[PDB]
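As stored in run-v5.tsv (TSV, N, CA and C atoms):
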```tsv
chain	number	residue	atom	x	y	z
Z	1	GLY	N	-19.33	-4.69	5.38
Z	1	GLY	CA	-18.88	-6.02	4.96
Z	1	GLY	C	-18.07	-5.97	3.70
Z	2	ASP	N	-18.49	-5.17	2.75
Z	2	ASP	CA	-17.77	-5.03	1.50
Z	2	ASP	C	-17.61	-3.56	1.18
Z	3	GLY	N	-16.48	-3.19	0.64
Z	3	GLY	CA	-16.20	-1.82	0.38
Z	3	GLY	C	-16.64	-1.40	-1.00
Z	4	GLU	N	-17.58	-0.49	-1.04
Z	4	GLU	CA	-18.10	0.07	-2.28
Z	4	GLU	C	-17.15	1.14	-2.77
Z	5	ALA	N	-16.49	1.76	-1.84
Z	5	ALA	CA	-15.56	2.79	-2.11
Z	5	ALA	C	-14.25	2.44	-1.46
Z	6	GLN	N	-13.19	2.92	-2.01
Z	6	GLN	CA	-11.88	2.68	-1.49
Z	6	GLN	C	-11.01	3.89	-1.76
Z	7	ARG	N	-10.16	4.19	-0.82
Z	7	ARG	CA	-9.29	5.34	-0.91
Z	7	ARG	C	-7.88	4.90	-1.22
Z	8	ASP	N	-7.04	5.86	-1.54
Z	8	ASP	CA	-5.63	5.59	-1.74
Z	8	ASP	C	-5.06	5.31	-0.40
Z	9	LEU	N	-4.13	4.40	-0.33
Z	9	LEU	CA	-3.53	4.04	0.95
Z	9	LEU	C	-2.67	5.17	1.50
Z	10	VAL	N	-2.46	6.19	0.69
Z	10	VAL	CA	-1.74	7.37	1.11
Z	10	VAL	C	-2.59	8.16	2.11
Z	11	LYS	N	-3.89	8.14	1.94
Z	11	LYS	CA	-4.77	8.88	2.84
Z	11	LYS	C	-5.05	8.06	4.10
Z	12	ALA	N	-4.35	6.95	4.22
Z	12	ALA	CA	-4.44	6.09	5.37
Z	12	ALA	C	-3.07	5.98	6.03
Z	13	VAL	N	-2.15	5.33	5.32
Z	13	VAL	CA	-0.81	5.05	5.81
Z	13	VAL	C	0.00	6.32	5.96
Z	14	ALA	N	0.00	7.15	4.93
Z	14	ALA	CA	0.73	8.40	4.98
Z	14	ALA	C	0.08	9.32	5.99
Z	15	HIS	N	-1.21	9.16	6.19
Z	15	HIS	CA	-1.93	9.98	7.14
Z	15	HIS	C	-1.56	9.59	8.58
Z	16	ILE	N	-0.96	8.41	8.76
Z	16	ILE	CA	-0.45	7.99	10.07
Z	16	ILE	C	0.81	8.80	10.38
Z	17	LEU	N	1.54	9.12	9.32
Z	17	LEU	CA	2.76	9.93	9.40
Z	17	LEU	C	2.42	11.42	9.32
Z	18	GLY	N	1.18	11.69	8.99
Z	18	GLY	CA	0.73	13.05	8.86
Z	18	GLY	C	1.08	13.64	7.52
Z	19	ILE	N	1.17	12.80	6.52
Z	19	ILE	CA	1.48	13.22	5.18
Z	19	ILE	C	0.40	12.83	4.20
Z	20	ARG	N	0.53	13.34	2.99
Z	20	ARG	CA	-0.39	13.06	1.89
Z	20	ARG	C	0.13	13.76	0.65
Z	21	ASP	N	0.56	14.98	0.85
Z	21	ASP	CA	1.04	15.83	-0.22
Z	21	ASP	C	2.53	15.64	-0.46
Z	22	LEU	N	3.28	15.42	0.62
Z	22	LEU	CA	4.73	15.12	0.55
Z	22	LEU	C	5.52	16.31	0.04
Z	23	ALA	N	5.05	17.52	0.38
Z	23	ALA	CA	5.64	18.80	-0.05
Z	23	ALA	C	7.15	18.83	0.10
Z	24	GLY	N	7.60	18.36	1.21
Z	24	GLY	CA	9.00	18.30	1.47
Z	24	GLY	C	9.41	17.00	2.10
Z	25	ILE	N	8.70	15.94	1.76
Z	25	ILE	CA	8.99	14.64	2.31
Z	25	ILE	C	9.39	13.73	1.16
Z	26	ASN	N	10.51	13.08	1.31
Z	26	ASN	CA	11.10	12.23	0.27
Z	26	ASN	C	10.23	11.00	-0.03
Z	27	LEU	N	10.12	10.66	-1.32
Z	27	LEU	CA	9.27	9.55	-1.80
Z	27	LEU	C	10.07	8.31	-2.19
Z	28	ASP	N	11.37	8.36	-2.00
Z	28	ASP	CA	12.23	7.21	-2.33
Z	28	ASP	C	12.48	6.41	-1.08
Z	29	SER	N	12.12	7.00	0.03
Z	29	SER	CA	12.30	6.42	1.31
Z	29	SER	C	11.41	5.20	1.49
Z	30	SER	N	11.99	4.14	2.00
Z	30	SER	CA	11.27	2.94	2.30
Z	30	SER	C	10.25	3.23	3.42
Z	31	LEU	N	9.18	2.46	3.49
Z	31	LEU	CA	8.13	2.67	4.49
Z	31	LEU	C	8.69	2.48	5.91
Z	32	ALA	N	9.67	1.61	6.04
Z	32	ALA	CA	10.28	1.40	7.34
Z	32	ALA	C	11.14	2.59	7.72
Z	33	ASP	N	11.67	3.27	6.71
Z	33	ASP	CA	12.47	4.47	6.92
Z	33	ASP	C	11.57	5.56	7.43
Z	34	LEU	N	10.37	5.58	6.89
Z	34	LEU	CA	9.34	6.53	7.26
Z	34	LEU	C	8.99	6.35	8.73
Z	35	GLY	N	8.73	5.11	9.12
Z	35	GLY	CA	8.42	4.84	10.51
Z	35	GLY	C	7.79	3.48	10.75
Z	36	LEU	N	7.69	2.66	9.71
Z	36	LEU	CA	7.10	1.34	9.86
Z	36	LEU	C	7.89	0.41	10.76
Z	37	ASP	N	7.24	0.08	11.84
Z	37	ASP	CA	7.69	-0.90	12.79
Z	37	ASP	C	6.49	-1.63	13.36
Z	38	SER	N	5.46	-0.88	13.73
Z	38	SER	CA	4.29	-1.47	14.33
Z	38	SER	C	3.00	-1.23	13.49
Z	39	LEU	N	2.35	-0.08	13.72
Z	39	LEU	CA	1.04	0.22	13.13
Z	39	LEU	C	1.12	0.39	11.63
Z	40	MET	N	2.24	0.89	11.15
Z	40	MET	CA	2.42	1.18	9.72
Z	40	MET	C	2.59	-0.09	8.89
Z	41	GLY	N	2.44	-1.22	9.55
Z	41	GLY	CA	2.43	-2.49	8.89
Z	41	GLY	C	1.14	-3.22	9.19
Z	42	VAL	N	0.65	-3.05	10.43
Z	42	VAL	CA	-0.58	-3.70	10.86
Z	42	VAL	C	-1.75	-3.11	10.13
Z	43	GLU	N	-1.81	-1.78	10.12
Z	43	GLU	CA	-2.88	-1.05	9.47
Z	43	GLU	C	-2.96	-1.48	8.02
Z	44	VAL	N	-1.80	-1.55	7.38
Z	44	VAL	CA	-1.68	-1.93	5.98
Z	44	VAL	C	-2.26	-3.33	5.77
Z	45	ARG	N	-1.78	-4.28	6.54
Z	45	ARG	CA	-2.25	-5.65	6.45
Z	45	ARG	C	-3.74	-5.76	6.71
Z	46	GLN	N	-4.22	-5.09	7.75
Z	46	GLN	CA	-5.64	-5.15	8.09
Z	46	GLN	C	-6.50	-4.51	6.99
Z	47	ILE	N	-5.92	-3.61	6.21
Z	47	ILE	CA	-6.62	-3.02	5.10
Z	47	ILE	C	-6.63	-4.01	3.96
Z	48	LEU	N	-5.45	-4.28	3.44
Z	48	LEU	CA	-5.29	-5.07	2.22
Z	48	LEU	C	-5.84	-6.48	2.31
Z	49	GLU	N	-5.69	-7.14	3.46
Z	49	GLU	CA	-6.22	-8.50	3.65
Z	49	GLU	C	-7.75	-8.52	3.53
Z	50	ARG	N	-8.40	-7.45	3.94
Z	50	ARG	CA	-9.86	-7.40	3.91
Z	50	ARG	C	-10.36	-6.73	2.64
Z	51	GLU	N	-9.62	-5.78	2.15
Z	51	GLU	CA	-9.99	-5.06	0.94
Z	51	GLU	C	-9.83	-5.91	-0.30
Z	52	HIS	N	-8.68	-6.52	-0.45
Z	52	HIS	CA	-8.36	-7.21	-1.68
Z	52	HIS	C	-7.74	-8.59	-1.41
Z	53	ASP	N	-7.69	-8.97	-0.12
Z	53	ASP	CA	-7.10	-10.27	0.34
Z	53	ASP	C	-5.58	-10.31	0.04
Z	54	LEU	N	-5.02	-9.15	-0.13
Z	54	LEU	CA	-3.65	-9.01	-0.49
Z	54	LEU	C	-2.78	-8.88	0.75
Z	55	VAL	N	-2.33	-9.99	1.26
Z	55	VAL	CA	-1.49	-9.95	2.42
Z	55	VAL	C	-0.02	-9.94	2.06
Z	56	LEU	N	0.50	-8.75	1.99
Z	56	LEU	CA	1.89	-8.55	1.81
Z	56	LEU	C	2.46	-8.31	3.18
Z	57	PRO	N	3.39	-9.13	3.60
Z	57	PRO	CA	3.98	-9.04	4.92
Z	57	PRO	C	4.99	-7.91	5.03
Z	58	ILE	N	5.49	-7.71	6.24
Z	58	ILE	CA	6.35	-6.57	6.58
Z	58	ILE	C	7.59	-6.46	5.70
Z	59	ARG	N	8.22	-7.59	5.42
Z	59	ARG	CA	9.42	-7.63	4.57
Z	59	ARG	C	9.21	-7.00	3.19
Z	60	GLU	N	7.97	-6.96	2.73
Z	60	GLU	CA	7.65	-6.35	1.45
Z	60	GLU	C	7.08	-4.95	1.67
Z	61	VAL	N	6.20	-4.84	2.66
Z	61	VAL	CA	5.55	-3.56	3.02
Z	61	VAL	C	6.58	-2.48	3.39
Z	62	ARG	N	7.71	-2.91	3.91
Z	62	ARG	CA	8.78	-1.99	4.30
Z	62	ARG	C	9.36	-1.18	3.15
Z	63	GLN	N	9.10	-1.57	1.91
Z	63	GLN	CA	9.66	-0.86	0.77
Z	63	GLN	C	8.59	-0.13	0.02
Z	64	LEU	N	7.43	-0.03	0.62
Z	64	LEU	CA	6.36	0.73	0.02
Z	64	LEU	C	6.68	2.21	0.23
Z	65	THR	N	7.15	2.83	-0.80
Z	65	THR	CA	7.69	4.17	-0.79
Z	65	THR	C	6.64	5.28	-0.75
Z	66	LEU	N	5.72	5.15	0.18
Z	66	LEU	CA	4.65	6.11	0.44
Z	66	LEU	C	3.65	6.18	-0.73
Z	67	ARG	N	4.06	6.66	-1.88
Z	67	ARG	CA	3.16	6.72	-3.02
Z	67	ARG	C	2.98	5.35	-3.64
Z	68	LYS	N	3.84	4.41	-3.28
Z	68	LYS	CA	3.64	3.05	-3.73
Z	68	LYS	C	2.40	2.47	-3.04
Z	69	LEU	N	2.09	3.01	-1.86
Z	69	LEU	CA	0.87	2.62	-1.12
Z	69	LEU	C	-0.38	2.83	-1.97
Z	70	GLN	N	-0.44	3.94	-2.69
Z	70	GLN	CA	-1.60	4.20	-3.53
Z	70	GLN	C	-1.51	3.45	-4.84
Z	71	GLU	N	-0.32	3.03	-5.19
Z	71	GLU	CA	-0.10	2.26	-6.40
Z	71	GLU	C	-0.64	0.85	-6.21
Z	72	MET	N	-0.47	0.33	-5.02
Z	72	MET	CA	-0.99	-0.99	-4.68
Z	72	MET	C	-2.26	-0.86	-3.84
Z	73	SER	N	-2.96	0.26	-3.99
Z	73	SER	CA	-4.16	0.53	-3.20
Z	73	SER	C	-5.24	-0.52	-3.47
Z	74	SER	N	-5.16	-1.14	-4.66
Z	74	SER	CA	-6.00	-2.25	-5.10
Z	74	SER	C	-7.31	-1.79	-5.72
Z	75	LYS	N	-7.35	-0.53	-6.07
Z	75	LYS	CA	-8.47	0.04	-6.79
Z	75	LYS	C	-8.02	0.30	-8.22
Z	76	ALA	N	-8.77	-0.24	-9.18
Z	76	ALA	CA	-8.47	-0.12	-10.62
Z	76	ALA	C	-7.10	-0.72	-10.97
Z	77	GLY	N	-6.62	-1.60	-10.12
Z	77	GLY	CA	-5.33	-2.22	-10.34
Z	77	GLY	C	-5.50	-3.58	-10.94
Z	78	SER	N	-6.37	-4.36	-10.36
Z	78	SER	CA	-6.63	-5.66	-10.86
Z	78	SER	C	-7.82	-5.61	-11.79
Z	79	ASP	N	-7.54	-5.42	-13.05
Z	79	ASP	CA	-8.60	-5.43	-14.02
Z	79	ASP	C	-8.88	-6.86	-14.38
Z	80	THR	N	-7.82	-7.60	-14.58
Z	80	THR	CA	-7.89	-9.01	-14.85
Z	80	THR	C	-6.59	-9.67	-14.38
Z	81	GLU	N	-6.66	-10.38	-13.25
Z	81	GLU	CA	-5.53	-11.11	-12.67
Z	81	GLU	C	-4.40	-10.19	-12.22
Z	82	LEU	N	-4.78	-9.06	-11.62
Z	82	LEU	CA	-3.87	-8.04	-11.09
Z	82	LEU	C	-2.99	-7.42	-12.18
Z	83	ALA	N	-1.87	-8.02	-12.46
Z	83	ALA	CA	-0.98	-7.50	-13.48
Z	83	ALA	C	-0.89	-8.48	-14.64
Z	84	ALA	N	-1.37	-9.70	-14.38
Z	84	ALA	CA	-1.35	-10.82	-15.32
Z	84	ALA	C	0.06	-11.15	-15.81
Z	85	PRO	N	0.73	-12.11	-15.17
Z	85	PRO	CA	2.03	-12.58	-15.63
Z	85	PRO	C	1.87	-13.30	-16.96
Z	86	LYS	N	2.08	-12.58	-18.02
Z	86	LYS	CA	1.86	-13.08	-19.34
Z	86	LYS	C	2.85	-12.44	-20.27
Z	87	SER	N	3.69	-13.23	-20.85
Z	87	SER	CA	4.67	-12.78	-21.79
Z	87	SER	C	4.91	-13.89	-22.78
Z	88	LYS	N	4.95	-13.54	-24.05
Z	88	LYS	CA	5.08	-14.49	-25.14
Z	88	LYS	C	6.38	-15.29	-25.06
Z	89	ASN	N	7.48	-14.61	-25.16
Z	89	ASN	CA	8.77	-15.26	-25.17
Z	89	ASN	C	9.76	-14.41	-24.43
```

How does the structure come out when it is put into structure tokens?
Amino acid sequence: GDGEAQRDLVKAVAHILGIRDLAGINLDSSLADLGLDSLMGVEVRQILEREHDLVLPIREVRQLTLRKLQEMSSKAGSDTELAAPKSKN
């Protein structure tokens, strides 16, 4: 029901592509460039919507540059209000 543990989305999404280490796989490539059309967006949504209620749709998910998946993995990211849009002036 609730996740006590959470992994990097690289060990999920990249693992769909058969990657994780990216030894010779480019990291500037958009997720759609990688192969996102079907599962590589559904899997993501089904994870994030339940993990952190973070539903980022395909138009945004398509630019998740593989390691960006672990950046928005939602673990230790939202300490207080995710990134907190707060700027003085």

Open item on the list: My list of candidates is Z:62, Z:50, Z:55, Z:80. Which is closest to residue 37 in chain Z when distances are computed with all atoms listed in the file?
Closed with: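 The shortest atom-to-atom distance to residue 37 in chain Z comes from Z:62.
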
- [ ] Have a look at atom N of residue 41 in chain Z and atom C of residue 56 in chain Z and let me know their distance in Å, one decimal.
- [x] 9.5 Å

- [ ] For residue 33 in chain Z, please output as a count of residues only all residues within 10 Å (counting only C-alpha atoms; exclusion window: fewer than 6 positions along the same chain).
- [x] 4

Task: Nearest to residue 52 in chain Z by atom-to-atom distance, counting only N, CA and C atoms, from Z:84, Z:74, Z:20, Z:31 - done: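 When distances to residue 52 in chain Z are compared using only N, CA and C atoms, the smallest one comes from Z:74.
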
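If you measure from each of Z:53, Z:71, Z:76, Z:34 to residue 17 in chain Z using all atoms listed in the file, the closest one turns out to be Z:34.
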
TODO: Give the helix (DSSP H, G or I) residues of chain Z, as assigned by DSSP on the backbone, as a PyMOL selection string.
DONE: chain Z and resi 9-11+13-17+31-34+39-51+58-61+67-71

TODO: May I ask which of the residues Z:30, Z:89, Z:70, Z:38 is the closest one to residue 10 in chain Z, counting only C-alpha atoms?
DONE: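 Counting only C-alpha atoms, the residue closest to residue 10 in chain Z is Z:70.
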
- [ ] Record the distance separating CA of residue 7 in chain Z and CA of residue 48 in chain Z, expressed in Å with one decimal.
- [x]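 About the pair CA of residue 7 in chain Z and CA of residue 48 in chain Z: they are 11.6 Å apart.
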
TODO: Enter the distance from CA of residue 54 in chain Z to CA of residue 72 in chain Z, in Å, rounded to one decimal.
DONE: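 Straight-line distance from CA of residue 54 in chain Z to CA of residue 72 in chain Z works out to 9.4 Å.
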
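Minimum atom-to-atom distances from Z:73, Z:88, Z:24, Z:82 to residue 8 in chain Z were compared using all atoms listed in the file, and the lowest value belongs to Z:73.
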
Open item on the list: I want to know what sits within 12 Å of residue 21 in chain Z, based on only C-alpha atoms, with residues of the same chain fewer than 5 positions away left out; could you give that as a list in words?
Closed with: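 Using only C-alpha atoms, the neighbours found are residues 10, 11, 14, 15, 26, 27, 66 and 67 of chain Z.
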